[PDB]
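Numbers given in the deposited numbering equal positions in the sequence shown, counted from 1, plus 6.
No residue lacks a Cβ here, since even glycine has one placed at the ideal position from N, Cα and C.
Worksheet: one structure, shown below.
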Amino acid sequence: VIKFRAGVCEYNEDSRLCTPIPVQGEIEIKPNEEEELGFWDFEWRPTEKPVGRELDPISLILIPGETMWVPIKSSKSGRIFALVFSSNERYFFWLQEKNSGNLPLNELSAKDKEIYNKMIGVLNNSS
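As structure tokens, this is what we get:
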């Protein structure tokens with residue numbers, strides 16, 4: 007399975023912005039070796055607690071065509087994961103590493119092309 011490092015970023019999208027407040031965590035991108043619902047679970051874990059928000063651990067199904075991928079929604083901020091979630095909870099993430107994701111802000115999430123390709127592949131799959 008594919009593991010990636012990020013903490014959370016606020017629930018907020020009432021101005022299409024959420025601010026980084028530093029935190030850590032871990033996402034596990036997996037097909038689910040139980041396949042109960044038959045979708046991708048992003049298992050978030052706190053490794054630092056959310057401060058200035060409370061978002062609990064979550065096993066998060068991405069349901070194609072209900073989950074929309076936008077690669078960046080902030081220009082006063084960098085490294086924002088933007089997933090519009092309908093029929094599910096909304097979790098926005100911010101990469102915990104200030105040394106990486108220094109690639110320019112036009113697609114920035116943690117990288118440009120890699121995250122963009124990867125996130126489109128989850129929509130294409132229903133696995």
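* To do: Please determine, among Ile67, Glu95 and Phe87, the residue with the shortest C-alpha to C-alpha distance to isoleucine 121.
  => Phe87
* Return the residue from the list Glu19, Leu23, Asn105 and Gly13 that minimises the CA-CA distance to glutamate 34. => Minimum Cα distance to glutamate 34 is reached at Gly13.
* Asked: With respect to the beta strand (DSSP E) encompassing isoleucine 78, which residues constitute its N-terminal and C-terminal limits?
  -> First-last for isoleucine 78: undefined, no H or E at that position.
* DSSP beta-bridge partners for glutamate 49? -> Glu34 and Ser65
* Asked: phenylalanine 99 to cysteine 24, Cα distance in whole Å?
  -> 10 Å
* Asked: Do you know offhand how far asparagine 38's Cα is from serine 83's?
  -> 33 Å
* Asked: Relative to the C-alpha of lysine 9, which residue among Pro77, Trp46, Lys55 and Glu60 is closest?
  -> Looking only at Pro77, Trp46, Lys55 and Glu60, the smallest Cα-Cα distance to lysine 9 is reached by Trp46.
* Across which residues does DSSP place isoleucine 126 in a beta bridge pair? -> In the DSSP output, where bridge partners are listed per residue, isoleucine 126 has none listed.
* Using CA coordinates, which residue listed in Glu16, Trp75, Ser65 and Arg11 is at the minimum distance from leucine 43? -> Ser65
* Which residues in the same chain as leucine 101 place their Cβ atom closer than 7 Å to its Cβ, once the five residues preceding and following it in sequence are excluded? -> Here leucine 101 has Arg11, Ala12, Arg85, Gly107 and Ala116 as same chain residues with Cβ atoms under 7 Å from its own Cβ, once five neighbours each way along the sequence are excluded.
* Per DSSP, which one or two residues make a beta bridge with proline 70? -> Residue pairing by DSSP places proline 70 opposite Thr73 in a beta bridge.
* With DSSP run on the structure shown, which of helix, strand or coil describes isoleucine 86? -> strand
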